[PDB]
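Text of the file input.csv, holding CSV, C-alpha atoms and all ligand atoms:
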```csv
chain,number,residue,atom,x,y,z
A,1,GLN,CA,45.7,-7.2,34.9
A,2,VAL,CA,49.1,-7.6,36.6
A,3,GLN,CA,50.2,-7.4,40.3
A,4,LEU,CA,53.4,-5.5,41.2
A,5,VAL,CA,55.1,-6.2,44.6
A,6,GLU,CA,58.2,-4.1,45.4
A,7,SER,CA,60.9,-5.1,48.0
A,8,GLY,CA,64.4,-4.0,49.1
A,9,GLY,CA,63.8,-0.6,50.7
A,10,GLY,CA,65.4,0.4,54.0
A,11,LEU,CA,68.0,2.7,55.7
A,12,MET,CA,71.4,3.3,53.9
A,13,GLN,CA,74.2,5.7,54.5
A,14,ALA,CA,74.8,8.4,51.8
A,15,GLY,CA,77.4,7.1,49.2
A,16,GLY,CA,76.2,3.5,49.5
A,17,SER,CA,74.2,1.4,47.0
A,18,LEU,CA,70.9,-0.5,47.3
A,19,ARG,CA,68.8,-2.6,44.8
A,20,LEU,CA,65.0,-2.4,44.7
A,21,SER,CA,63.0,-5.3,43.1
A,22,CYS,CA,59.5,-5.4,41.7
A,23,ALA,CA,58.0,-8.8,40.9
A,24,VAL,CA,55.3,-8.9,38.2
A,25,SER,CA,52.6,-11.7,38.3
A,26,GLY,CA,49.3,-12.2,36.4
A,27,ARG,CA,49.1,-11.3,32.7
A,28,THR,CA,53.0,-10.9,32.4
A,29,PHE,CA,52.9,-11.6,28.6
A,30,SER,CA,51.3,-8.1,28.1
A,31,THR,CA,54.4,-6.2,29.6
A,32,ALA,CA,55.7,-3.4,27.2
A,33,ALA,CA,57.6,-1.3,29.8
A,34,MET,CA,58.3,-1.0,33.5
A,35,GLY,CA,58.9,2.3,35.2
A,36,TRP,CA,60.1,3.5,38.7
A,37,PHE,CA,58.7,6.6,40.3
A,38,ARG,CA,59.3,8.2,43.7
A,39,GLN,CA,57.4,10.4,46.1
A,40,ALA,CA,59.2,12.4,48.9
A,41,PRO,CA,57.1,13.7,51.8
A,42,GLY,CA,55.2,16.9,50.6
A,43,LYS,CA,56.5,16.6,47.0
A,44,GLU,CA,54.6,15.4,43.8
A,45,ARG,CA,55.3,11.9,42.4
A,46,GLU,CA,58.5,12.1,40.1
A,47,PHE,CA,59.6,9.8,37.3
A,48,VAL,CA,63.0,8.0,38.0
A,49,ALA,CA,63.6,5.4,35.2
A,50,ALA,CA,61.9,3.2,32.6
A,51,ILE,CA,62.9,0.1,30.8
A,52,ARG,CA,61.4,-1.5,27.7
A,53,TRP,CA,60.7,-5.1,28.2
A,54,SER,CA,61.8,-6.1,24.7
A,55,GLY,CA,65.5,-5.2,24.2
A,56,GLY,CA,66.0,-3.6,27.7
A,57,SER,CA,66.8,0.0,26.5
A,58,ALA,CA,66.5,2.4,29.5
A,59,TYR,CA,65.4,6.0,30.0
A,60,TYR,CA,66.4,8.0,33.1
A,61,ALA,CA,65.3,11.3,34.8
A,62,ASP,CA,68.2,13.9,34.9
A,63,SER,CA,68.3,13.7,38.7
A,64,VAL,CA,69.5,10.0,38.7
A,65,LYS,CA,71.2,9.6,35.3
A,66,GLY,CA,74.8,8.2,35.8
A,67,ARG,CA,73.9,7.0,39.4
A,68,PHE,CA,70.9,4.7,39.1
A,69,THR,CA,70.7,1.6,36.8
A,70,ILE,CA,67.4,-0.1,35.8
A,71,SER,CA,67.5,-3.8,34.6
A,72,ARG,CA,65.0,-6.5,34.1
A,73,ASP,CA,65.0,-10.4,34.3
A,74,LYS,CA,62.4,-11.5,31.7
A,75,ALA,CA,62.5,-15.2,32.9
A,76,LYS,CA,61.6,-14.0,36.5
A,77,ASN,CA,59.3,-11.2,35.5
A,78,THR,CA,61.3,-8.8,37.8
A,79,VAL,CA,62.6,-5.3,37.3
A,80,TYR,CA,65.5,-3.9,39.4
A,81,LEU,CA,66.5,-0.4,40.4
A,82,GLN,CA,70.2,-0.3,41.3
A,83,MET,CA,70.5,2.9,43.4
A,84,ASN,CA,74.3,3.8,43.5
A,85,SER,CA,75.9,6.9,45.1
A,86,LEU,CA,72.8,7.4,47.4
A,87,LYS,CA,72.2,11.1,48.4
A,88,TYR,CA,69.9,12.6,51.1
A,89,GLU,CA,67.8,13.9,48.1
A,90,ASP,CA,66.9,10.2,47.2
A,91,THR,CA,64.9,9.7,50.4
A,92,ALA,CA,61.3,8.8,49.3
A,93,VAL,CA,58.7,6.0,48.7
A,94,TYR,CA,59.7,4.3,45.4
A,95,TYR,CA,56.9,2.8,43.2
A,96,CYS,CA,57.2,0.4,40.2
A,97,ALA,CA,54.6,0.6,37.4
A,98,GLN,CA,53.7,-1.6,34.4
A,99,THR,CA,52.1,-0.8,31.0
A,100,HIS,CA,51.2,-2.9,28.0
A,101,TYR,CA,51.3,0.3,25.8
A,102,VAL,CA,54.0,0.1,23.1
A,103,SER,CA,55.4,3.5,22.0
A,104,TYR,CA,58.0,3.6,19.2
A,105,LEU,CA,59.6,6.4,21.4
A,106,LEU,CA,61.2,5.3,24.7
A,107,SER,CA,61.1,8.9,26.2
A,108,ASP,CA,57.2,8.7,26.2
A,109,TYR,CA,57.5,6.2,29.2
A,110,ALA,CA,58.5,9.2,31.4
A,111,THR,CA,55.0,10.8,31.0
A,112,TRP,CA,52.8,7.9,30.0
A,113,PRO,CA,50.1,7.1,32.7
A,114,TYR,CA,50.9,3.4,33.4
A,115,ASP,CA,48.3,0.6,33.9
A,116,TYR,CA,49.3,-1.0,37.2
A,117,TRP,CA,51.3,0.2,40.3
A,118,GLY,CA,53.2,-1.4,43.2
A,119,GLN,CA,52.5,-0.7,46.9
A,120,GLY,CA,55.7,1.4,47.3
A,121,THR,CA,58.9,0.8,49.3
A,122,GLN,CA,60.5,3.4,51.6
A,123,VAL,CA,64.2,4.3,51.0
A,124,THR,CA,65.8,6.5,53.7
A,125,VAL,CA,69.4,7.8,53.2
A,126,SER,CA,71.3,8.6,56.4
A,127,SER,CA,73.8,11.6,56.9
A,128,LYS,CA,77.4,11.6,55.6
B,334,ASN,CA,34.6,-33.7,8.8
B,335,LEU,CA,33.5,-30.0,8.6
B,336,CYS,CA,36.4,-27.4,8.1
B,337,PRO,CA,37.0,-25.5,11.4
B,338,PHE,CA,36.2,-22.0,9.9
B,339,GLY,CA,34.5,-21.3,13.3
B,340,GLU,CA,37.9,-21.5,15.1
B,341,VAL,CA,39.2,-18.8,12.7
B,342,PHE,CA,36.2,-16.4,12.3
B,343,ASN,CA,34.8,-16.7,15.9
B,344,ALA,CA,38.3,-16.8,17.7
B,345,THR,CA,38.0,-14.7,20.9
B,346,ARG,CA,41.7,-13.5,20.5
B,347,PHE,CA,43.1,-12.2,17.1
B,348,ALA,CA,46.8,-11.6,16.2
B,349,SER,CA,48.5,-8.2,15.9
B,350,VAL,CA,49.0,-7.5,12.2
B,351,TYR,CA,52.9,-7.5,12.5
B,352,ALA,CA,52.7,-11.1,13.9
B,353,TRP,CA,49.7,-12.2,11.8
B,354,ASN,CA,48.3,-15.7,12.4
B,355,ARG,CA,48.1,-18.4,9.7
B,356,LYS,CA,45.7,-21.4,10.1
B,357,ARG,CA,46.2,-24.4,7.7
B,358,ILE,CA,42.9,-26.0,6.7
B,359,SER,CA,43.1,-29.7,5.6
B,360,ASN,CA,41.2,-33.0,5.5
B,361,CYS,CA,37.7,-31.5,5.7
B,362,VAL,CA,34.6,-30.5,3.6
B,363,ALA,CA,34.5,-26.6,3.3
B,364,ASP,CA,31.0,-25.1,3.3
B,365,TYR,CA,31.9,-21.7,1.7
B,366,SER,CA,28.2,-20.7,1.6
B,367,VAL,CA,28.3,-20.2,5.5
B,368,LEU,CA,30.7,-17.3,4.8
B,369,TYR,CA,29.3,-15.7,1.6
B,370,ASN,CA,25.6,-15.9,2.7
B,371,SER,CA,26.5,-14.4,6.1
B,372,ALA,CA,25.6,-10.8,7.0
B,373,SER,CA,28.5,-10.7,9.6
B,374,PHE,CA,31.0,-9.2,7.0
B,375,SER,CA,31.2,-5.7,5.5
B,376,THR,CA,34.2,-6.5,3.2
B,377,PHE,CA,34.2,-9.7,1.1
B,378,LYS,CA,36.4,-9.4,-2.0
B,379,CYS,CA,37.6,-12.4,-4.0
B,380,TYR,CA,40.3,-12.0,-6.7
B,381,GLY,CA,40.3,-14.5,-9.6
B,382,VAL,CA,37.9,-16.9,-7.8
B,383,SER,CA,34.2,-16.7,-6.7
B,384,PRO,CA,33.1,-18.3,-3.4
B,385,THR,CA,30.1,-19.9,-5.4
B,386,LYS,CA,32.6,-21.9,-7.7
B,387,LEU,CA,34.7,-23.0,-4.6
B,388,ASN,CA,31.8,-25.3,-3.6
B,389,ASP,CA,32.7,-27.8,-6.3
B,390,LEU,CA,36.6,-27.4,-6.2
B,391,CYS,CA,39.2,-29.4,-4.2
B,392,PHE,CA,42.5,-28.0,-2.8
B,393,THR,CA,45.5,-29.6,-1.1
B,394,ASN,CA,45.4,-26.8,1.6
B,395,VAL,CA,43.5,-23.6,2.3
B,396,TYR,CA,45.2,-21.0,4.5
B,397,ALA,CA,43.3,-18.4,6.7
B,398,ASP,CA,45.5,-15.5,7.7
B,399,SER,CA,44.0,-13.3,10.5
B,400,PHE,CA,44.8,-10.0,12.3
B,401,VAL,CA,43.4,-6.7,13.4
B,402,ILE,CA,44.0,-3.3,11.7
B,403,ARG,CA,42.0,0.0,11.8
B,404,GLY,CA,39.1,0.7,9.4
B,405,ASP,CA,41.1,3.1,7.1
B,406,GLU,CA,43.7,0.4,6.5
B,407,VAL,CA,41.3,-2.4,5.3
B,408,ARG,CA,41.8,-1.0,1.7
B,409,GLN,CA,45.5,-1.9,2.0
B,410,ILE,CA,44.7,-5.7,2.2
B,411,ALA,CA,44.5,-6.0,-1.5
B,412,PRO,CA,46.9,-6.7,-4.4
B,413,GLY,CA,49.1,-3.8,-5.5
B,414,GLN,CA,48.4,-1.6,-2.4
B,415,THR,CA,51.0,0.6,-0.5
B,416,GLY,CA,50.9,2.1,3.0
B,417,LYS,CA,52.3,1.1,6.5
B,418,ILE,CA,50.2,-2.2,6.5
B,419,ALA,CA,50.9,-3.3,2.9
B,420,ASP,CA,54.6,-2.3,3.0
B,421,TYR,CA,55.7,-3.2,6.6
B,422,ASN,CA,53.1,-5.7,8.1
B,423,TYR,CA,51.0,-7.8,5.7
B,424,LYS,CA,51.6,-7.9,1.9
B,425,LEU,CA,49.4,-9.7,-0.8
B,426,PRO,CA,51.1,-10.7,-4.1
B,427,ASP,CA,50.1,-8.8,-7.3
B,428,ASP,CA,48.6,-12.0,-8.7
B,429,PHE,CA,46.7,-12.9,-5.5
B,430,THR,CA,43.9,-15.5,-6.0
B,431,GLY,CA,41.9,-15.7,-2.8
B,432,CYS,CA,39.4,-13.7,-0.6
B,433,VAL,CA,39.7,-10.8,1.8
B,434,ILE,CA,37.0,-10.8,4.5
B,435,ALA,CA,36.7,-8.0,7.2
B,436,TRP,CA,34.3,-6.8,9.8
B,437,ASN,CA,34.1,-4.0,12.4
B,438,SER,CA,35.2,-5.4,15.9
B,439,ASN,CA,34.6,-2.2,17.9
B,440,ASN,CA,32.3,-4.2,20.3
B,441,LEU,CA,35.2,-6.6,21.1
B,442,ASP,CA,38.6,-4.9,20.4
B,443,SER,CA,37.9,-1.3,21.7
B,444,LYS,CA,37.8,-0.4,25.5
B,445,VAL,CA,37.0,2.9,27.5
B,446,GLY,CA,40.5,4.4,28.1
B,447,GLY,CA,41.8,2.7,25.0
B,448,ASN,CA,42.9,-0.9,24.1
B,449,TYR,CA,46.6,-0.8,23.3
B,450,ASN,CA,47.2,-4.6,22.9
B,451,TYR,CA,47.1,-4.6,19.1
B,452,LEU,CA,50.5,-3.5,17.6
B,453,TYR,CA,51.8,-2.7,14.1
B,454,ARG,CA,55.3,-2.2,12.6
B,455,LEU,CA,55.7,1.5,12.1
B,456,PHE,CA,59.3,1.4,10.6
B,457,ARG,CA,61.3,-1.0,8.4
B,458,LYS,CA,64.4,-0.7,6.1
B,459,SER,CA,62.6,-2.3,3.1
B,460,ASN,CA,59.1,-3.5,2.0
B,461,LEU,CA,57.9,-7.0,2.9
B,462,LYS,CA,57.8,-9.6,0.1
B,463,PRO,CA,54.3,-11.1,-0.3
B,464,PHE,CA,53.2,-13.3,2.8
B,465,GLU,CA,56.5,-12.4,4.6
B,466,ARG,CA,56.1,-12.2,8.4
B,467,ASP,CA,58.5,-10.0,10.4
B,468,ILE,CA,58.3,-10.3,14.2
B,469,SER,CA,61.8,-8.8,14.8
B,470,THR,CA,62.3,-6.1,17.4
B,471,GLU,CA,65.7,-4.7,16.1
B,472,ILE,CA,66.1,-1.0,17.0
B,473,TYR,CA,65.4,1.0,13.8
B,474,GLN,CA,68.1,3.4,12.6
B,475,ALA,CA,66.0,6.6,11.4
B,476,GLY,CA,69.1,8.9,11.3
B,477,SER,CA,72.6,8.8,9.9
B,478,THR,CA,74.3,7.2,13.1
B,479,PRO,CA,74.0,3.4,13.9
B,480,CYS,CA,71.9,2.4,17.0
B,481,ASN,CA,74.0,-0.7,18.1
B,482,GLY,CA,70.7,-2.0,19.7
B,483,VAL,CA,70.3,1.1,22.0
B,484,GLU,CA,67.2,3.3,21.8
B,485,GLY,CA,67.8,7.1,21.7
B,486,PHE,CA,67.7,10.0,19.3
B,487,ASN,CA,66.7,8.7,15.8
B,488,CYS,CA,66.9,5.1,17.1
B,489,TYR,CA,63.4,3.8,17.6
B,490,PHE,CA,61.5,0.7,18.7
B,491,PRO,CA,59.9,-0.6,15.4
B,492,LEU,CA,56.4,-1.5,16.8
B,493,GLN,CA,53.6,0.8,18.0
B,494,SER,CA,50.2,0.1,19.7
B,495,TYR,CA,47.0,1.1,17.9
B,496,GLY,CA,44.7,3.1,20.3
B,497,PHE,CA,41.2,1.6,20.0
B,498,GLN,CA,38.5,3.5,22.1
B,499,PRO,CA,34.8,2.9,21.4
B,500,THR,CA,34.2,6.6,20.6
B,501,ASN,CA,36.8,6.6,17.7
B,502,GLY,CA,35.5,7.4,14.2
B,503,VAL,CA,35.0,4.3,12.1
B,504,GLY,CA,38.3,4.9,10.2
B,505,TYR,CA,40.2,4.5,13.6
B,506,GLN,CA,38.0,1.6,14.8
B,507,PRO,CA,39.3,-2.0,14.9
B,508,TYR,CA,38.5,-4.4,12.0
B,509,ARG,CA,39.1,-8.1,12.1
B,510,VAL,CA,40.5,-9.4,8.8
B,511,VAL,CA,40.7,-12.9,7.4
B,512,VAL,CA,42.5,-13.7,4.1
B,513,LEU,CA,41.8,-17.0,2.4
B,514,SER,CA,44.6,-18.6,0.2
B,515,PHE,CA,43.8,-21.7,-1.9
B,516,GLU,CA,46.7,-24.1,-2.7
B,517,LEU,CA,46.9,-27.0,-5.1
B,518,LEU,CA,50.2,-29.0,-4.9
B,519,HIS,CA,51.3,-32.5,-6.0
B,520,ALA,CA,49.3,-34.2,-3.1
B,521,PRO,CA,45.8,-35.5,-2.6
B,522,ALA,CA,43.3,-32.6,-2.6
B,523,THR,CA,41.9,-33.0,1.0
B,524,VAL,CA,39.9,-29.7,1.2
B,525,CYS,CA,36.7,-30.1,-0.9
B,526,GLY,CA,33.5,-28.1,-1.4
B,527,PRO,CA,30.2,-30.0,-0.5
B,528,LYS,CA,30.0,-31.1,-4.2
A,601,LIG,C1,30.5,-18.2,14.2
A,601,LIG,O1,29.5,-18.4,15.2
A,601,LIG,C2,28.2,-17.8,14.8
A,601,LIG,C3,27.2,-18.2,15.9
A,601,LIG,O2,26.9,-16.9,16.5
A,601,LIG,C4,27.7,-18.4,13.4
A,601,LIG,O3,26.7,-17.6,12.9
A,601,LIG,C5,28.8,-18.6,12.4
A,601,LIG,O4,28.4,-19.4,11.3
A,601,LIG,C6,30.2,-19.0,13.0
A,601,LIG,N1,31.2,-18.9,12.0
A,601,LIG,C7,31.7,-19.9,11.3
A,601,LIG,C8,32.6,-19.5,10.1
A,601,LIG,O5,31.5,-21.1,11.6
```

Do you think you could lay out the structure here as structure tokens?
Ligand SMILES: *[C@@H]1O[C@H](CO)[C@@H](O)[C@H](O)[C@H]1NC(C)=O
Amino acid sequence: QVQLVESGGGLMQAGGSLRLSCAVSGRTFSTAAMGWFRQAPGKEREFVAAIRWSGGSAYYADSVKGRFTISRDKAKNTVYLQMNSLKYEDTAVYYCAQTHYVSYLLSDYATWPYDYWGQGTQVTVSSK
Amino acid sequence: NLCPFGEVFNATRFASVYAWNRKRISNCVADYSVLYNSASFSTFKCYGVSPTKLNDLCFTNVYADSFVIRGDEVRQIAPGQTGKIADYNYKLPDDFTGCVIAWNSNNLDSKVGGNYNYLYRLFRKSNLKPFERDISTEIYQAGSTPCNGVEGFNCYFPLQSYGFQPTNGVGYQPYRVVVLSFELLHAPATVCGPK
């Protein structure tokens, strides 16, 4: 088992940039990939980005590709979501997830049901 | 001064086959009869040696290689075999002298919803040499364009989880494997049979 704790959410003006963190503790040696997901009020949970723990290759949903960056610090067992060029459409609760499942195919981490989930952090993007 | 075969065969944790474990046995009496009389094993094949003649032989070292693979791959842990395990994960030499021991570990290594902790190497540019161990995680170029260490189209991570669930057919169930290698170098022969 691992425990995922997210931080860094809050209010930001459109066009700004914010970094979310997710600290992983417990059985950290098991980590194969980390993923970020978001849920806006009244919408289904949506995949944002995934990163392979070994090598750091990243996979992005189309709605954030070119704007968001995912990175991970192995020594600190932390994954980061750098949310650049914030838009009103980015307002949501962001959740980090961990899996020990190793796929040869990075894109599978967009649809894999993960093993453990963070508590969620609210990001609210203000007008103009 | 009994050889610590218990530590090998009764280990709670076993290695992924790509990153197979080797235990060096030395400075002990080896009671091989505890293995070959046991009903705990379903595979017990010895090439160019019989566990009954080991009881009055001395070696400089004995090596016990251990890992998990699925049932259908146990046939690949033999001299002259081909397949993903023999080619990319764990290779025996054509003239192997030693023993291959396996048992079904469904009760330990499978879990409801799937255990994905055991990995294998799915891709490699060339076959392993005998007893070579590759733990590299270089992105594998499957297509005609170089990867430059970035995953994408035709550019794959080389390792893959097995999926062990208790309801799998026996061919897809986890098996624990131990391979015994016997070595005699220019040193005192410190691993002896009870005679
Ligand atoms: C492993 O432990 C069991 C006790 O349940 C015993 O039967 C067996 O001899 C042990 N294996 C070795 C190789 O010592």

Report the closest atom pair, with its distance in Å rounded to one decimal, for each residue of chain B that has an atom no farther than 7 Å from ligand LIG 601 (chain A); count only C-alpha atoms and all ligand atoms, sort by chain and then rising residue number, and write it as CSV.
```
residue,atom,partner,partner_atom,distance
B:338,CA,A:LIG601,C8,4.4
B:339,CA,A:LIG601,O5,3.5
B:342,CA,A:LIG601,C8,5.2
B:343,CA,A:LIG601,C1,4.9
B:367,CA,A:LIG601,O4,5.9
B:368,CA,A:LIG601,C8,6.0
```

Within 9 Å of chain A, which residues belong to chain B? Use all atoms listed in the file and report them as a compact mmCIF listing (two decimals) with C-alpha atoms, in the coordinates of the input.
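Listed below is the output, part37.txt:
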```
# COMPACT_ATOMS: atom_id res chain seq x y z
CA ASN B 448 42.90 -0.90 24.10
CA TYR B 449 46.60 -0.80 23.30
CA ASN B 450 47.20 -4.60 22.90
CA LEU B 452 50.50 -3.50 17.60
CA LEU B 455 55.70 1.50 12.10
CA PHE B 456 59.30 1.40 10.60
CA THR B 470 62.30 -6.10 17.40
CA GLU B 471 65.70 -4.70 16.10
CA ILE B 472 66.10 -1.00 17.00
CA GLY B 482 70.70 -2.00 19.70
CA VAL B 483 70.30 1.10 22.00
CA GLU B 484 67.20 3.30 21.80
CA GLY B 485 67.80 7.10 21.70
CA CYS B 488 66.90 5.10 17.10
CA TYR B 489 63.40 3.80 17.60
CA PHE B 490 61.50 0.70 18.70
CA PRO B 491 59.90 -0.60 15.40
CA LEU B 492 56.40 -1.50 16.80
CA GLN B 493 53.60 0.80 18.00
CA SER B 494 50.20 0.10 19.70
CA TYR B 495 47.00 1.10 17.90
```

Segment 372-375 of chain B surroundings by all atoms listed in the file, 8 Å radius, close-in-sequence under 6 positions cut, as a list in words: residues 434, 435, 436 and 437 of chain B

My list of candidates is B:370, B:422, B:345, B:376. Which is closest to residue 464 of chain B when distances are computed with all atoms listed in the file? B:422

Just checking: using all atoms listed in the file, which residue out of A:66, A:113, A:16, A:42 ends up closest to residue 128 of chain A? A:16

Give the answer as one residue: which of A:29, A:13, A:21, A:2 has the shortest atom-to-atom distance to residue 80 of chain A, using only C-alpha atoms?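 Comparing A:29, A:13, A:21, A:2 against residue 80 of chain A, the winner is A:21.
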
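Every protein, DNA or RNA residue with an atom at most 7 Å from residue 85 of chain A, where all atoms listed in the file count and chain neighbours fewer than 3 positions away do not, is listed here: residues 14, 15, 16, 17 and 67 of chain A.
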
Provide the atom CA of residue 395 of chain B to atom CA of residue 426 of chain B distance in Å, to one decimal place. 16.3 Å

Give me, please, the distance in Å between atom CA of residue 11 of chain A and atom CA of residue 126 of chain A, quoted to one decimal.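 Separation between atom CA of residue 11 of chain A and atom CA of residue 126 of chain A: 6.8 Å.
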
Coordinates-based distance that separates atom CA of residue 518 of chain B from atom CA of residue 348 of chain B (Å, one decimal):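 It comes out at 27.6 Å.
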
With a distance cut-off of 8 Å and only C-alpha atoms, select the neighbouring residues of segment 114-118 of chain A, excluding the residue or stretch itself and same-chain residues fewer than 4 positions from it, and output the selection as a PyMOL selection string. chain A and resi 1-6+22+95-100

Would you kindly return, as an NGL selection string, each protein, DNA or RNA residue with an atom no farther than 12 Å from any atom of residue 432 of chain B, considering only C-alpha atoms and excluding same-chain residues fewer than 4 positions away? :B and (365 or 368-369 or 376-384 or 387 or 395-398 or 410-412 or 425 or 510-515)

Keeping only C-alpha atoms, take the residues you just selected and write them out as an mmCIF file, keeping the file's coordinate frame.
```
data_model
loop_
_atom_site.group_PDB
_atom_site.id
_atom_site.type_symbol
_atom_site.label_atom_id
_atom_site.label_comp_id
_atom_site.auth_asym_id
_atom_site.auth_seq_id
_atom_site.Cartn_x
_atom_site.Cartn_y
_atom_site.Cartn_z
ATOM 1 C CA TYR B 365 31.900 -21.700 1.700
ATOM 2 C CA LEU B 368 30.700 -17.300 4.800
ATOM 3 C CA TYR B 369 29.300 -15.700 1.600
ATOM 4 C CA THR B 376 34.200 -6.500 3.200
ATOM 5 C CA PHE B 377 34.200 -9.700 1.100
ATOM 6 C CA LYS B 378 36.400 -9.400 -2.000
ATOM 7 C CA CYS B 379 37.600 -12.400 -4.000
ATOM 8 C CA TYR B 380 40.300 -12.000 -6.700
ATOM 9 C CA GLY B 381 40.300 -14.500 -9.600
ATOM 10 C CA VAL B 382 37.900 -16.900 -7.800
ATOM 11 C CA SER B 383 34.200 -16.700 -6.700
ATOM 12 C CA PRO B 384 33.100 -18.300 -3.400
ATOM 13 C CA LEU B 387 34.700 -23.000 -4.600
ATOM 14 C CA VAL B 395 43.500 -23.600 2.300
ATOM 15 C CA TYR B 396 45.200 -21.000 4.500
ATOM 16 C CA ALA B 397 43.300 -18.400 6.700
ATOM 17 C CA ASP B 398 45.500 -15.500 7.700
ATOM 18 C CA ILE B 410 44.700 -5.700 2.200
ATOM 19 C CA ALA B 411 44.500 -6.000 -1.500
ATOM 20 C CA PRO B 412 46.900 -6.700 -4.400
ATOM 21 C CA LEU B 425 49.400 -9.700 -0.800
ATOM 22 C CA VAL B 510 40.500 -9.400 8.800
ATOM 23 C CA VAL B 511 40.700 -12.900 7.400
ATOM 24 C CA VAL B 512 42.500 -13.700 4.100
ATOM 25 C CA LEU B 513 41.800 -17.000 2.400
ATOM 26 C CA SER B 514 44.600 -18.600 0.200
ATOM 27 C CA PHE B 515 43.800 -21.700 -1.900
#
```

Write out as a JSON list (two decimals) with C-alpha atoms, keeping the file's coordinate frame which residues come within 7 Å of residue 70 of chain A when counting all atoms listed in the file, dropping same-chain ones fewer than 2 positions away.
```
[["chain", "number", "residue", "atom", "x", "y", "z"],
["A", 49, "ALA", "CA", 63.60, 5.40, 35.20],
["A", 51, "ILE", "CA", 62.90, 0.10, 30.80],
["A", 58, "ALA", "CA", 66.50, 2.40, 29.50],
["A", 68, "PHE", "CA", 70.90, 4.70, 39.10],
["A", 80, "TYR", "CA", 65.50, -3.90, 39.40],
["A", 81, "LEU", "CA", 66.50, -0.40, 40.40],
["A", 82, "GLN", "CA", 70.20, -0.30, 41.30]]
```

Minimum-distance residue to residue 502 of chain B, chosen among B:443, B:357, B:408, B:341 (using only C-alpha atoms):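 Using only C-alpha atoms, the shortest distance to residue 502 of chain B belongs to B:443.
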
Taking the structure I provided as the source, export segment 18-31 of chain A with C-alpha atoms, as a short mmCIF file (atom, residue, chain, number, x, y, z; two decimals), in the first residue's frame.
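Written file, out-v2.cif:
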```
data_model
loop_
_atom_site.label_atom_id
_atom_site.label_comp_id
_atom_site.auth_asym_id
_atom_site.auth_seq_id
_atom_site.Cartn_x
_atom_site.Cartn_y
_atom_site.Cartn_z
CA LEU A 18 0.65 26.82 -10.56
CA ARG A 19 2.48 23.66 -9.43
CA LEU A 20 0.60 20.83 -7.65
CA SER A 21 2.54 18.26 -5.58
CA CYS A 22 1.70 14.68 -4.53
CA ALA A 23 3.97 13.10 -1.87
CA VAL A 24 4.04 9.27 -1.87
CA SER A 25 4.84 7.36 1.37
CA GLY A 26 4.65 3.67 2.43
CA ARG A 27 5.66 0.96 -0.15
CA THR A 28 7.35 3.56 -2.50
CA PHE A 29 9.69 0.92 -4.07
CA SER A 30 6.58 -0.53 -5.89
CA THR A 31 5.86 2.75 -7.90
#
```
